[PDB]
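Visitor: Starting off with a structure, shown below.
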Amino acid sequence: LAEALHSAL
């Protein structure tokens with residue numbers, strides 16, 4: 001989930 005958010009951002 002952390003990395004999903006990194007990509008999203």
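So you can find residues: chains in the structure tokens are A, B, ... in the order shown, residues in each start at 1, and ligands are numbered from 1 in order.
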Would you give me, as a list in words, the residues in chain A that DSSP reads as helix (DSSP H, G or I)?
Guide: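 Output for chain A, helix (DSSP H, G or I) only: residues 2, 3, 4, 5, 6, 7 and 8 of chain A.
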